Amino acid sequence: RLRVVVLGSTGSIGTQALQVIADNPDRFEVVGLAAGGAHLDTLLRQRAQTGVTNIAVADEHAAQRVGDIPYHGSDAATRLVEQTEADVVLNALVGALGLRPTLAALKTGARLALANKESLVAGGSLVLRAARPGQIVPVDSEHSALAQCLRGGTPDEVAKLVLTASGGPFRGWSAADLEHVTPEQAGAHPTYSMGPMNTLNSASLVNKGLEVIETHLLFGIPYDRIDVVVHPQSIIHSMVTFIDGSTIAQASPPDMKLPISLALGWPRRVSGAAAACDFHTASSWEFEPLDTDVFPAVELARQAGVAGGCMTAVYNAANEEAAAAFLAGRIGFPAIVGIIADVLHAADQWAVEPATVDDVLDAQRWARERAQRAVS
């Protein structure tokens, strides 16, 4: 029975994870929860249902309202990870703020079931140096797919890793069409129900950019051998092409419970985690290229990744600041990626490899401040 800490338990991934665990008592047990404090009703229900009071709440006043909270403050999640015996830490926090808990999870020796891609993108080589082989297991569906498909050959036989992208609500739209996009319109993802950040990032295509960096970091494949194809149904979750011309693909109706279940149970599958494809009804899986002129977020992510060092932290931190500005009505939708480009292209000093967490934090601070100057 694996002991699981769930960071960001009240969120989209976190709540789906608690459901998988609730359905599988003989294999998993919750031993800790962390949240921000914005959803106390959810947190209350989760405390009662799991019987776990080992909980972190970032916001101090929220922690007082809910009562009986052992860790509060901006370091509460990190402290929780440091002070809880666990076999798996499921990091489902949102944003680069997942960085210290990610580093702490790796130091404990526990498996890190990583949903919080921003922590790996920001940490880069610093997070890789803190992990042992196989210690980080991806929850993100593309990387879960890739890990499964890589069982299909030897390392020297892999040609390309191919990520699928839904294309978002604005698939096929012109650059001009993006001008008057509202937060409401950006909020309507075609295939997944998610928190507001991954929703916005999937609309701007920054999510797929983050995922290209995540792919390079997790699997050690060169950027030039990572492809991205737009697949509107989000049924094929990604695929691997081998040197003989064969492709192996992983597929299922979009439901994050499946990759969540596998990250927890790895390498053993979890019976009944999610519905399989049903071929008793006619259907079709479509594929099309991404228009890189309209959506250059992925090319920008490749540029950031190839530069390496703290540049991937810069890419993500510029996004976090610019996205927030869009959500607040201070900038238009195209300015999100426009600001990322501007910040990235001014960031040559950050191509250096981080020695400690503080180097990544510095790079992020620099990027946010510059993005903020672009906004105003």
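Start at 1 and count along the sequence shown; that's the residue number.
Legend: mean Cα B-factor per stretch from the PDB entry, 44 to 52 versus 30 to 38; the higher mean is in 44 to 52. The PDB entry records a higher mean C-alpha B factor for 72 to 80 than for its counterpart among 72 to 80 and 244 to 252. Comparing the listed residues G123, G153, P138, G98, the entry records the largest Cα B-factor for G153. Within the listed group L264, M239, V181, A276, the record reports its top CA B-factor for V181. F333: CA B factor lies in the middle third for its chain, per the PDB record.
Looking at the C-alpha B-factors along this chain, the one for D291 belongs to the highest third.
The PDB entry assigns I339 a C-alpha temperature factor belonging to the highest third of its chain's modelled residues.
When all modelled residues of the chain are sorted by CA temperature factor, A374 is found within the highest third. When the modelled residues of the chain are ordered by their C-alpha B factor, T191 lands in the middle third.
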